[PDB]
């Protein structure tokens, strides 16, 4: 998955998330065209496949001809009451996209972290099933303790949680951040 955020000079904006699903999608590459084909059918629920221990199939998300599979993607644009763009934000990282996107927004809009900090700040994730709270390696350990004494079982992600790209309007203009977890970098004028 890749997330992209754009603000133009006229204040117009695009938030765009795109995916072939898993790494190299289906692993089917055309030798003639070079096109690498998605494995998006894997985002449907299937009655014969158990993913998580104790998690049943979701009938709302079964395969039907012509149907689109449920997605965690959430490309977002925040606009001010005055009609000016305030934030352009989204993420990659499967079911972690939605929590990561919420965090970027919370971090900037409520905690008052600038966009780079909002993107780099350690994240965490809980999706109810499974019954575990995943934290990034460098999370404030007062957070870990606050969760554990409240009975959350926590575990540390072996890599990182999601990948966020964001732009936020500031005093100095448009501040942009690409997530160092994947190594992108912004560009502008």
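Numbering follows the first chain given and starts at 1. Note that the rigid core is defined as the largest set of C-alphas that superpose within 1.5 Å between two forms.
Root-mean-square C-alpha deviation from the shown form, taken over all structures in 8 other deposited structures of this protein superposed by the rigid core, is larger for 54 to 62 than for the alternative among 120 to 128 and 54 to 62. After a core fit, the C-alpha atoms in 8 other deposited structures of this protein lie farther on average from the shown form in one of 149 to 157 and 45 to 53, namely 45 to 53. Comparing the deposited coordinates for 170 to 178 and 9 to 17, the stretch with the larger average C-alpha B-factor is 170 to 178. Per the PDB record, of the two stretches 46 to 54 and 135 to 143, 46 to 54 carries the greater mean B-factor over its C-alpha atoms. Of the candidates 74, 109, 100, 88, the one whose C-alpha carries the top B factor in the deposited record is 109. In the PDB entry, a CA B factor belonging to the middle third of its chain's modelled residues is recorded for residue 60. Sorting the modelled residues of the chain by their CA temperature factor places residue 78 in the highest third. Residue 122: CA B factor lies in the middle third for its chain, per the PDB record. Split the chain's modelled residues into thirds by C-alpha temperature factor. Residue 35 is in the lowest one. Per-chain ranking of the deposited C-alpha B factor places residue 84 in the highest third.
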